[PDB]
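K.L.:
Task: produce atomic coordinates for the following.
(6 chains, ligands or ions: 20)
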Amino acid sequence: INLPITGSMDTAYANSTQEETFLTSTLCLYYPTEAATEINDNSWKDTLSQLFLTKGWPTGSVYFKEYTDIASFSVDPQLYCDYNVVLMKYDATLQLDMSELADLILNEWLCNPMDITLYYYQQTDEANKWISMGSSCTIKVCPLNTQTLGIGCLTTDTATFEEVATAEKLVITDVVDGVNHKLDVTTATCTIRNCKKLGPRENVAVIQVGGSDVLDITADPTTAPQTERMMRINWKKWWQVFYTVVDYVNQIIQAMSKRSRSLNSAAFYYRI
Amino acid sequence: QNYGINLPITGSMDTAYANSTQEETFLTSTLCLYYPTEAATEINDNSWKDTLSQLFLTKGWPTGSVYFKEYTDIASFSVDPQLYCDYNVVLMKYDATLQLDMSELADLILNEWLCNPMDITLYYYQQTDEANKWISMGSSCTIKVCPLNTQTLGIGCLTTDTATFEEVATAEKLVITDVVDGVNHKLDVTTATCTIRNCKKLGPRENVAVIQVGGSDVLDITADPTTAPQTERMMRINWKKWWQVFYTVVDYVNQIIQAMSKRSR
Amino acid sequence: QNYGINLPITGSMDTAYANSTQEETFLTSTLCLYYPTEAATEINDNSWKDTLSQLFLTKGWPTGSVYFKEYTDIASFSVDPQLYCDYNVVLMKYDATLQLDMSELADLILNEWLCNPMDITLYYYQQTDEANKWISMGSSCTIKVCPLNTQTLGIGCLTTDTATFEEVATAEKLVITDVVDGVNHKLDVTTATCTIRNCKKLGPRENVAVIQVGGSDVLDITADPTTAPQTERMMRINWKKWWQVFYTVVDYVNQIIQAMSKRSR
Amino acid sequence: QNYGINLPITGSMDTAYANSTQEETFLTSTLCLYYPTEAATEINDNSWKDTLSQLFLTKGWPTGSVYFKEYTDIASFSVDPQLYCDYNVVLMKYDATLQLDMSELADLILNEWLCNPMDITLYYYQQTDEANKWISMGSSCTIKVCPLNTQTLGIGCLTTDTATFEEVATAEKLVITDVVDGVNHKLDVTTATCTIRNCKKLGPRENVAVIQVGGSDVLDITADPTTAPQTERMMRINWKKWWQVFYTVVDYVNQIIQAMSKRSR
Amino acid sequence: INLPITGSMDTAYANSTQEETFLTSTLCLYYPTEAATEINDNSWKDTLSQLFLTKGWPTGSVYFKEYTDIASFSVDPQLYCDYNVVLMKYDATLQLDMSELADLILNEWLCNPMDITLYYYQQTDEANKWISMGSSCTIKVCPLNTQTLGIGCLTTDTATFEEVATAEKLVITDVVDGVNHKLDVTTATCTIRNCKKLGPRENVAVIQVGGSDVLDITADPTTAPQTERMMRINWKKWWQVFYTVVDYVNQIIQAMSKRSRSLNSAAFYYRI
Amino acid sequence: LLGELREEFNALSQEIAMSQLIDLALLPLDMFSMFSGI
Ligand SMILES: *[C@@H]1O[C@H](CO)[C@@H](O)[C@H](O)[C@H]1NC(C)=O
Ligand SMILES: *[C@@H]1O[C@H](CO)[C@@H](O)[C@H](O)[C@H]1NC(C)=O
Ligand SMILES: *[C@@H]1O[C@H](CO)[C@@H](O)[C@H](O)[C@H]1NC(C)=O
Ligand SMILES: *[C@@H]1O[C@H](CO)[C@@H](O)[C@H](O)[C@H]1NC(C)=O
Ligand SMILES: *[C@@H]1O[C@H](CO)[C@@H](O)[C@H](O)[C@H]1NC(C)=O
Ligand SMILES: [Ca+2]
Ligand SMILES: [Ca+2]
Ligand SMILES: [Ca+2]
Ligand SMILES: [Ca+2]
Ligand SMILES: [Ca+2]
Ligand SMILES: [Ca+2]
Ligand SMILES: [Ca+2]
Ligand SMILES: [Ca+2]
Ligand SMILES: [Ca+2]
Ligand SMILES: [Ca+2]
Ligand SMILES: [Ca+2]
Ligand SMILES: [Ca+2]
Ligand SMILES: [Ca+2]
Ligand SMILES: [Ca+2]
Ligand SMILES: [Ca+2]
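P.N.:
Residues are numbered from 1 along each chain as shown, chains lettered A, B, ... in the order given. Ligands and ions are numbered 1, 2, ... in the order given. You can find the structure just below:
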């Protein structure tokens, strides 16, 4: 709504919305199969629910959704909850994969599809990128000139293109903004969409269960920001991790904030 | 440009009616038809899509704004319908054996749902108001419910003997379940094949327009058996062919876009 | 001279800064470094202690005020650390496989704890606020906990079958356990080898300074995962020789002693 | 047009913003990238330099202003790094076994050093302030140091027996040595293979920009362990290829050049 | 600093900066192998050190630098000292070499590189010359007329060029300022750079140990100046020369002044 | 390949003077006069 807001400074602080946002909201943890395996129990979910019930979160409000691995989760994350917590392990090989996962879930995207064989697309601003998901996306790019001819590449020979992605389940390609590129992609396995980044998704919350903070949300190498809903833990077990989560969940939900844009079950808005 | 707030609006009655937005929204928006494989079968033409696009060109819509998206059957379309366009039209055939299925499809796509997940195994859920329902999708769903009493025991069903439960669905691709609102229910569902979500019904989705190409109007969008409404974007047609239907749609698309309004969310 | 009492104290803003306590605190205080066996092994000298003391002498610290106290390993040091010196420094090696151990060591020494005993067999303990934790020292601690409901029954475990308990520690020399705050836990520990105390966290210990000789800063002092702070007495260095490390420490000892502040108790 | 003089500058707060220097400073300046051999190896192309130059052409940097200067390894680049350009970008791979080498490199290039020569055989030197150090370059430097008392006698080392000296480096292609500032040291170096220079750290060279392509930020520029700062021109990327890295550098070169400022010396 | 300076004439002269500039500066002698040869000693450096220690220059301030040949020194001199002195033997067969060396180190140069094959260079003013360094620089040049054709030469035939140098280690080429010259140079063994001359270098002091003054710093045969940091000695030995230098070092440092432009270790600034 | 052209225009905006600009804004700078100094 484009209309303006007004207020004052004599008004008083109203009562606490905590202990009611729990009653009228839902929470959803996303943990790894490694945790369930280390635990080797069946009623740990009911245990965590009966624990949450003391902190206020009622029985039918908490949810646990397993994901086999970081990349498997990155492939089409179907986050549909009023509060999402994600626990993600550290791996120097999956550093970029779990930075792209962050860039995807933390932020809200407006995605338009792409027709590669029939058209050739470009980028406009510093927030219009190309996100490709699927089993294995092997993307190659050849920039072109004003008269539709290759620059350091051959428009026919795919082996002369510049391979930016080699066998990656989730790729977020940023290229030079202003020039037309031609793309070679494994359309039979992966789908690639030109997505503009909107404001942040305040509904999710990442927790790096392992090493130091490495996630670089903003693709420019000058900011390197550390947002509110990006926590870090050191671990040797998972029960201690879940107990820490439960004991400090009110802070997590105080650092999160229900969305404003719209209701949607996808991790990105689709508007053709 | 405030978001996530509701502010009072103002106006007047002296302002003049501005020029028409048709022939500008037709360019700055997108259109998406959904047709049945029976139509393409009866047609047997590989250029009907470009033909209809060139016909839309006369009515205003440019060439790269219209899309045709096939679907084999009403149920195979009801299974996870991911509608993402700016103006959606759906064609639907009449089949008394699919009355309730293609009424659930209508109640699903026409309306806008706020959907949270469900954990059958652990929790026993209940419906608060008349607009909280449980919608299940998948290849083949088999749902069985058991209400509970005040003391967490069954009422005509046993919390262990699943067979005692009451069967509301039998091998359905889409189900919309409304149960007595105010009692805790236990569920049994083959969750391997189907996913069930607890949804709340909100204001209608003004982006989609259903067109029943066949018999009389049976679609009861609202689950209460008192309204039985017929909305603006809920159309009916009599048919013996499909080229005539598509020509009708093309000639009366402006009426369709006048009966539809872009989303609010 | 009223001890044990806290009374309001006053001041002003017209006064002028007094002389430098530095160059006198060195003489009137004591220093105590904690280096690893690896360091003296790389050095392979029998007079490096007196060498560093003669060097310190140039910075002001007299001969019999500085002390060196070796430690075989990080866990063997964490097991009952007795830091009784008016200025303590610790050199800590980085290891990915020891991250939680060398973060618990930090949270245990950098902060001042008020610890009460704990009789597992006889009582059932809980936590009150976000600073009441359970600190377990010893050679090999294997801790298991079962949370309980209102009526002293189990929750996902059985109070008689120890195997049903939840394993939070597995053969660790130091653990700092935080559990949900407001529920009773029934514990099982190998109390022959490990002692567990119910400790509350007070304001920080400003008398000890940690120096991470290796990789990036990882020490999460705060049990709450949101903050992840980095205080003034948690320093970091990159190293290839321990002589270079010790020369750095000696050359910048004054900044360290400025980042540290004697105890109030 | 006074040179080597410093005088009071004056101004006001009503001035209009004069110009907008980007797209002119680019034309009238020169940029120089320093990439590793790993990148060209992964690329396997003989025209990628011209390609990147044509790309920069869009950003405004013309053809004969962008330069590339390969380097085999961090050590080979640290050996006498002759950075002579109006803007310098450096790509730097992460390796836990090279943290100190690639921190010394950062401390050397990022900062502007005033370096006098050193003659070890005759003279015994001492560091005056905290910004005075001894930087040794060459194929392989091996440094040993004996601090000395007031009567030019060793402390833990024998002036005649070099083996008694304390080793601070072992076949390093670049060392930056900081020792106790205020005592005279007798040195031993492989002078026939490597040269040591007594340097003083002035303010920072705003002409270079380091970009760690891999791991977390570890570069401890400041020798003292208390600050461990991180400037504007100390960047970090996560990578799995190099074409994406170069495209990112290109697309965000303007930010890099806003982070860099032409030299004052 | 474009801003101006103001002063007066009533102020009193301040105390002598001598006896402190020694402590806060360093001095570096450059001496030929002939000197160490005729000396035939190994402690002459410590002797001169302890002599400077009486003259007021402290122990860790003095440095010496053997240079095998005048040309070997001319090949990339690396001067980084707050005071530099250079003892230069006389040789009529090296007049132009040790005049070019003089013009190079006594003054301050701002240098850009030169790509002879990709470009054709020229001069702008009478101070924009081409200094070539290396082990054997054989240079040839063709001036081009108004219509990019050769004058007494051919753009294709290198034999027709005019050979300005012949197997030299340092050449300072000045040509007609305002015409485009094509070049041919032993780019493998020598690098040639287009340098503009700037305000002088008051940090060095040349001392010709032999015959009468010949050094023509100024490349035009109209000035023939003689500066203050260009000294001359008559010699039959070297120990007497070094004793002279020691006894009259204060005069040399009065004749010299620390640089003003910036810090650097070479005989010239590099600005691409 | 405007992203940089606009910035060049906004750098050249105020450097231009006012008196001479008003002196030049009264001239019929027809096609020849407008494309001659280019
Ligand atoms: C807000 O809190 C105060 C203090 O607990 C209480 O008196 C008041 O009733 C609360 N507000 C409402 C609307 O109940
Ligand atoms: C709408 O129609 C009127 C009447 O022809 C015309 O004056 C007006 O410009 C039109 N609106 C627009 C936006 O062109
Ligand atoms: C404190 O410092 C001042 C200034 O340096 C000095 O005059 C005074 O003597 C010092 N105080 C003492 C007790 O020495
Ligand atoms: C300058 O020299 C005079 C005479 O030797 C002496 O009296 C004076 O103290 C000196 N100046 C200073 C600042 O010491
Ligand atoms: C900015 O413009 C003024 C005149 O408009 C000019 O004198 C000045 O040199 C310009 N700034 C730069 C950095 O060239
Ligand atoms: Ca990836
Ligand atoms: Ca190529
Ligand atoms: Ca981009
Ligand atoms: Ca159905
Ligand atoms: Ca029954
Ligand atoms: Ca109901
Ligand atoms: Ca531990
Ligand atoms: Ca707690
Ligand atoms: Ca259990
Ligand atoms: Ca090194
Ligand atoms: Ca020794
Ligand atoms: Ca030092
Ligand atoms: Ca010569
Ligand atoms: Ca000729
Ligand atoms: Ca000339």
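
K.L.:
Could you pull up phi and psi at the residue lying closest to residue A:202 once chain neighbours are set aside?
P.N.:
Of all residues beyond its chain neighbours, the one nearest residue A:202 is residue A:257 (4.0 Å), with distances taken as Cβ to Cβ, 6 or more residues apart in numbering or on different chains. Any C-beta I mention is one placed from the backbone N, CA and C, and that applies to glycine too. Note on residue A:257: its backbone torsions stand at phi -160, psi 130 [degrees, to the nearest 10].

K.L.:
Equivalent analysis for the one 4 residues further on, please.
P.N.:
Backbone torsions for residue A:261, taken as degrees, to the nearest 10, come to phi -60, psi -60.

K.L.:
number of nearby residues for it?
P.N.:
Counted with other Cβ atoms under 10 Å in any protein chain shown, the neighbours of residue A:261 add up to 16.

K.L.:
returning to what we had before: what about the residue nearest to residue A:202, distance to residue A:21?
P.N.:
10 Å (Cβ to Cβ, to the nearest Å).

K.L.:
ranges for the helices of chain F?
P.N.:
Ranges of helices within chain F are F:5-12, F:19-24, F:31-34, based on DSSP state H.

K.L.:
Pull the second one out as PDB, backbone CA atoms only.
P.N.:
Put plainly, it is helix F:19-24. Output of helix F:19-24 as PDB, limited to C-alpha atoms (Å, rounded to 0.1, in the frame of the first residue of the first chain):
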ATOM      1  CA  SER F  19      26.100  32.700 -19.200                       C
ATOM      2  CA  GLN F  20      27.600  31.100 -22.300                       C
ATOM      3  CA  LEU F  21      25.000  28.400 -22.200                       C
ATOM      4  CA  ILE F  22      22.200  31.100 -22.300                       C
ATOM      5  CA  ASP F  23      24.200  32.700 -25.100                       C
ATOM      6  CA  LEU F  24      24.200  29.400 -27.000                       C
END
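
K.L.:
Report the buried residues of that helix.
P.N.:
By 16 or more other Cβ atoms under 10 Å in any protein chain shown, helix F:19-24 has no buried positions at all.

K.L.:
The first one too?
P.N.:
Taking 16+ other Cβ under 10 Å as the neighbour-count basis, helix F:5-12 is seen to contain the buried residues residue F:11.

K.L.:
Any idea how many residues pack against residue A:53?
P.N.:
Neighbours of residue A:53 under the rule other Cβ under 10 Å: 16.

K.L.:
Please tell me how far it sits from residue B:215.
P.N.:
Distance from residue A:53 to residue B:215, counting by Cβ to Cβ: 52 Å.

K.L.:
Check residue A:241 too.
P.N.:
Per Cβ to Cβ, residue A:241 is found 59 Å from residue B:215.

K.L.:
what does residue A:115 give?
P.N.:
Distance, residue A:115 to residue B:215, using Cβ to Cβ: 39 Å.

K.L.:
swap in residue A:73?
P.N.:
Residue A:73 is 46 Å from residue B:215, where distance means Cβ to Cβ.

K.L.:
ok, the closest residue to ligand 17 within the stretch 51-200 of chain A - contacts?
P.N.:
Residue nearest to ligand 17 within the stretch 51-200 of chain A (Cβ to the ion): residue A:92, separated by 34.4 Å. Contacts for residue A:92 (Cβ atoms under 8 Å, 6 or more residues apart in numbering or on different chains) come out as residue D:215.

K.L.:
how about the nearest residue to the residue in chain A positioned nearest to ligand 9, chain neighbours excluded?
P.N.:
Nearest residue of chain A to ligand 9: residue A:265, at 20.3 Å (Cβ to the ion). Leaving aside its chain neighbours, residue A:265 sits nearest to residue A:80 (3.9 Å; criterion: Cβ to Cβ, 6+ apart).

K.L.:
and residue A:135, backbone torsions?
P.N.:
Residue A:135 adopts backbone torsions of phi -60, psi -50, taken as degrees, to the nearest 10.

K.L.:
Then residue A:67?
P.N.:
Dihedral pair for residue A:67: phi -140, psi 130, per degrees, to the nearest 10.

K.L.:
Counting neighbours, what do you get for the residue lying closest to it once chain neighbours are set aside?
P.N.:
Using Cβ to Cβ, 6+ apart and skipping the chain neighbours, the partner closest in space to residue A:67 is residue A:73 (3.9 Å). Here the number of neighbours of residue A:73 (other Cβ under 10 Å) works out to 22.

K.L.:
pretty sure residue A:73 contacts residue A:30?
P.N.:
Yes. With contact defined as Cβ atoms under 8 Å, residue A:73 and residue A:30 form a contacting pair (6.9 Å).

K.L.:
shared neighbours, these two?
P.N.:
With Cβ under 8 Å, 6+ apart, residue A:73 and residue A:30 have common neighbours residue A:67.

K.L.:
so the residue of the stretch 51-200 of chain A closest to ligand 17 is in which element?
P.N.:
Assigning secondary structure by DSSP states H and E places residue A:92 outside every helix and strand.

K.L.:
ok, it to residue D:216 distance?
P.N.:
Applying Cβ to Cβ, the value for residue A:92 to residue D:216 is 10 Å.

K.L.:
And for residue A:143?
P.N.:
Residue A:143 is 32 Å from residue D:216, where distance means Cβ to Cβ.

K.L.:
ditto for residue A:236
P.N.:
Separation of residue A:236 from residue D:216 (Cβ to Cβ): 21 Å.

K.L.:
With residue A:149 instead?
P.N.:
Using Cβ to Cβ, residue A:149 is found at 42 Å from residue D:216.

K.L.:
ditto for residue A:127
P.N.:
Per Cβ to Cβ, residue A:127 is found 25 Å from residue D:216.

K.L.:
before we move on, what about residue A:147?
P.N.:
To residue D:216, residue A:147 is 45 Å away according to Cβ to Cβ.

K.L.:
count of residues packed around the residue of chain F found nearest ligand 11?
P.N.:
Nearest to ligand 11 in chain F, going by Cβ to the ion, is residue F:3, at a distance of 56.0 Å. Using other Cβ under 10 Å, residue F:3 is surrounded by 14 other residues.

K.L.:
Can you give me every residue that contacts the closest residue to it other than its chain neighbours?
P.N.:
Among residues not flanking residue F:3 along the chain, residue A:178 sits closest, at 6.5 Å (Cβ to Cβ, 6+ apart). With contact taken as Cβ under 8 Å, 6+ apart, residue A:178 is in contact with A:122-123, D:58, F:1, F:3.

K.L.:
show me which of those neighbour ligand 14.
P.N.:
Near ligand 14, taking Cβ under 5 Å from the ion as the test, no member of the contacts of residue A:178 is found.

K.L.:
just the residues you listed now: which is nearest residue F:31?
P.N.:
Using Cβ to Cβ, residue F:1 is the member of those that sits closest to residue F:31, with 26.7 Å.

K.L.:
pretty sure the closest one contacts residue A:179?
P.N.:
Yes. Here residue F:1 reaches residue A:179: they are 6.7 Å apart, a contact under Cβ under 8 Å.

K.L.:
Same drill for the two, tell me which one is more crowded.
P.N.:
Just comparing residue F:1 and residue A:179: by other Cβ under 10 Å the higher neighbour count belongs to residue A:179, 17 against 12.

K.L.:
Could you pull up the residues touching that one?
P.N.:
Contact partners of residue A:179, counting by Cβ under 8 Å, 6+ apart, are A:122, A:143-144, D:55, D:58, F:1.

K.L.:
same check, this time on residue A:69
P.N.:
A:32-33.

K.L.:
any idea how far it is from residue E:223?
P.N.:
80 Å.

K.L.:
Over to residue A:244?
P.N.:
Distance, residue A:244 to residue E:223, by Cβ to Cβ: 82 Å.

K.L.:
For the two, work out which one has more neighbours and name it.
P.N.:
Comparing residue A:244 with residue E:223 by other Cβ under 10 Å, the one with more neighbours is residue A:244, at 21 against 10.

K.L.:
and the helix or strand harbouring that one, what does it pack onto?
P.N.:
Residue A:244 belongs to helix A:239-247 when assigned by DSSP H and E. Helices and strands touching helix A:239-247, by 3 or more Cβ pairs under 8 Å, 6 or more residues apart in numbering or on different chains; DSSP states H and E, are helix A:33-39, helix A:44-55, strand A:84-88.
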